[PDB]
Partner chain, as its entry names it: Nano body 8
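First comes one chain, alone, set out as structure tokens in the form deposited without its partner chain.
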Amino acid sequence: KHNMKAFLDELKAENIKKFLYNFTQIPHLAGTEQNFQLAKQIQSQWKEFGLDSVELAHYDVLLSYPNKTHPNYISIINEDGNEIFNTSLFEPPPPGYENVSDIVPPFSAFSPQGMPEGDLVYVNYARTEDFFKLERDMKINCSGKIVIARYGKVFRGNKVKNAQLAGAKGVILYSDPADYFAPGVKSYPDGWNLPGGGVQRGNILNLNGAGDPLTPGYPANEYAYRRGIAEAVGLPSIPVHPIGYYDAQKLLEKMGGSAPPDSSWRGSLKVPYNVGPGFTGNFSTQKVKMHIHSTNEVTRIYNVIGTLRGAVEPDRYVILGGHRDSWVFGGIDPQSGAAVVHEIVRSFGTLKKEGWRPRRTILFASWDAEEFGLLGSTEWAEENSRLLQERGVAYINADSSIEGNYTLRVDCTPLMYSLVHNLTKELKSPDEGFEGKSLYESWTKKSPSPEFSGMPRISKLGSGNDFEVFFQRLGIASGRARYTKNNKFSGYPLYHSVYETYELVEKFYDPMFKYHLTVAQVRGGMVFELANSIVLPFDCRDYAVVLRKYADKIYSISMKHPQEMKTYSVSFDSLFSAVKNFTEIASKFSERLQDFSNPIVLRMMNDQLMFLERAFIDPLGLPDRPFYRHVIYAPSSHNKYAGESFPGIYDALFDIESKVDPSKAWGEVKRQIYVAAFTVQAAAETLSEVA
């Protein structure tokens, strides 16, 4: 038979291993010839694997690169202008790769050029609350200072935005061993820890979903009109550069000024973690100078798009997508994901060559330039938005399959919760001690739901990956699954470093490729069910449950301000009424879904299921973030990686006690309650009987 079990059994750990090795021998930086060659290879292989059509979709987008003959670095400079200490120009390359060319040195993509010189202020993780602590409590002024921040906790672009708005003239990002060095494990190449010369690359944009900074709204095709750089979306206005903890110790060790306010501001280096500004007495005339010469350049990128035409509903699309571009070798990020996609395509192709086709169309995507701001996925979705709007059933992401080997991590829409529970109960756990048990059992044991006994944790989608345009802009039900560590937004120690290699994975993460295989079964099984189940495998009742949880949560935030809610008559009654109505109507829809040979009622009902995520989209977008249109979820305004629920109301309430016109601030809270209550009711009504 051709069923899910046939599909799953065809997946092989050994193939995933072969593909990972093949994808990680040379760097595949977006916009480089090597990454174009890999795109062509993937295209050719997906054709040989059996897909109906496999095309490259190219765009010309703004990318950023260091200048090869004018390198970026940071100095401590004495009063005579002698540079007495310089940060490294590159990470010491790993064993056997010391002769690999075209390793991009560490840099912060999209940093402007500049050579700012000044006094350092240490700002912990550079979070919103860290700047509150500095400015409001400690009375430390960052204006005209160079800020030094440790990576971790929030997306690095939010750190830069926070430093910019604090008046900083430059930002230095570094990896503290508190966050990037697990006690009792060896540094690469002898274990999976970050050495002191390791450095995390990464872009520092604040795109808010825009895609290519020059073409918001429209694909960056051959005739596209581009904004000038001054009007580009999301570029930082101050220079930024990342360094490792050997170099960071040299910058931090001389810091004076005020003591850290408490222990949560202290990392693991042998320094005081003084906040500054500037250095202690003897070194007080020394300064820090950045030298940043990177350039932004419009550059061609290439997505690979593979189609497996559906037998019955070819106009309904289930999409499996993940990126292909990497910072250097991409041993984990993204090739551990891309190798799993490659094997999934191979398995679907094997069934196809035997005469099988999925009920609905499956689209497979190898996205480019994800590392530079989700550019490949976003441009393609901008080009194809009308098709995706009207035909998109679901999107399953496929970045790194493993970021650890402890347990599964799933983030998805509530519409997929039941699908994920049912699928994981039918898969074998790969975990030591759970042989013969289900993946559901091991996952639930290791990552219990905080809400429900005997259920696993499933998180909200935020952003920082290629599902963003599909979910937050277009409102297509989306999900992701990967293996993870026991720091959830910080990344694993070797993230975006030259040390993320095939050997890292094969030696230290997954030598038997069993975790990769389990992730292939989860991602692949989800796509199989979404593309093949007669009734789409979405349970609207699961959205009703979470909407009540999110309403309770946002009401509880507001109720920290009872006097103001009395004064401005701030009521959540409409939102609770909408949620109650959604619960009622969803329950009745579920009964009809169980209770109907009629393909029109089926498809009418499948259309109701498919357009339910779509109904949470507001065509006017969220305030000042027009590309985040989903009213229930958006990436947190303080941390792109985290999802926030009822984001319009959440941001209206955030730090509201600081606003100088409380009448206006609370009016905007009420406006957001109305928009949310209306959207929930309108989504509910899409599930009512149609006439």
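Positions refer to the first chain, counted from 1.
| message | How big is the unmodelled gap, if any, between residue 90 and residue 91 relative to the deposited sequence? Choose none, 1 to 3, 4 to 9, or 10 or more. | response | According to the record, the chain runs unbroken from residue 90 to residue 91.
| Where residue 486 meets residue 487 in the shown sequence, the number of deposited residues left unmodelled | Just 1 to 3 residues are missing between them.
| Of the two stretches 500 to 508 and 365 to 373, which shows the higher Cα B-factor on average in the entry? | Per the deposited B-factors, the answer is 500 to 508.
| Averaging C-alpha B-factors over each stretch, which comes out higher, 151 to 159 or 75 to 83? | Looking at the recorded C-alpha B-factors, 75 to 83 comes out higher on average.
| field | Per the PDB entry, maximal CA B factor within 433, 310, 209, 414 | value | Across 433, 310, 209, 414, the entry lists the biggest C-alpha B-factor for 433.
| Which is it among 419, 290, 609, 381: the one with the largest CA B-factor in the entry? | Answer, based on the entry's C-alpha B-factors: 290.
| C-alpha B factor of residue 660, ranked within the chain: lowest, middle or highest third? | As the PDB entry reports it, the C-alpha B-factor of residue 660 lands in the highest third of its chain.
| request: Could you say whether, by C-alpha temperature factor, residue 28 belongs to the lowest, middle or highest third of its chain? | output: Within its chain, residue 28 is a lowest-third residue by C-alpha B-factor, going by the deposited values.
| task | Report the third (lowest, middle or highest) to which the CA temperature factor of residue 690 belongs, ranking only the modelled residues of the same chain. | result | It belongs to the middle third of the chain when residues are ordered by C-alpha B-factor.
| query | Lowest, middle or highest third of the chain for the C-alpha temperature factor of residue 480? | reply | Ranked within chain, residue 480 CA B lands in the lowest tercile.
| request: Just say lowest, middle or highest third for the CA B-factor of residue 297 relative to the other modelled residues in its chain. | output: For residue 297, the deposited C-alpha B-factor lands in the middle third.
In what follows, reference is made to the form solved in complex with its partner chain, a form of this protein that is not presented.
| field | Among 291 to 299, 517 to 525, 108 to 116, 246 to 254, the region lying within 4.5 Å of its partner chain in the deposited complex by heavy atom distance | value | Looking at the partner contacts, the answer comes out as 246 to 254.
| task | May I ask you to check whether residue 273 falls inside a 4.5 Å heavy atom distance of its partner chain in the deposited complex? | result | Residue 273: no, not in contact with its partner chain in the deposited complex.
| in the deposited complex, residue 499 touching its partner chain (heavy atom, 4.5 Å) | Yes, residue 499 sits close enough to its partner chain in the deposited complex that at least one of its heavy atoms falls within 4.5 Å.
| query | Just to confirm, residue 88 within 4.5 Å of its partner chain in the deposited complex by heavy atoms? | reply | Although its partner chain is absent here, residue 88 would touch it in the deposited complex, with heavy atoms inside 4.5 Å.
| How about residue 195: is it within 4.5 Å of its partner chain in the deposited complex, going by heavy atoms? | Taking the distances in the deposited complex, the answer for residue 195 is yes, it comes within 4.5 Å of its partner chain.
| Considering 438, 128, 350, 286, which brings a non-hydrogen atom within 4.5 Å of its partner chain in the deposited complex? | Exactly one residue meets the criterion: 286.
| query | Between the options 167, 454, 511, 92, which residue brings a heavy atom to within 4.5 Å of its partner chain in the deposited complex? | reply | When its partner chain is considered in the deposited complex, the option within 4.5 Å is 92.
| query | Going through 58 to 86 from first to last, which residues have a non-hydrogen atom within 4.5 Å of its partner chain in the deposited complex? | reply | Stretch hits, in order: 78, 82, 84, 85, 86.
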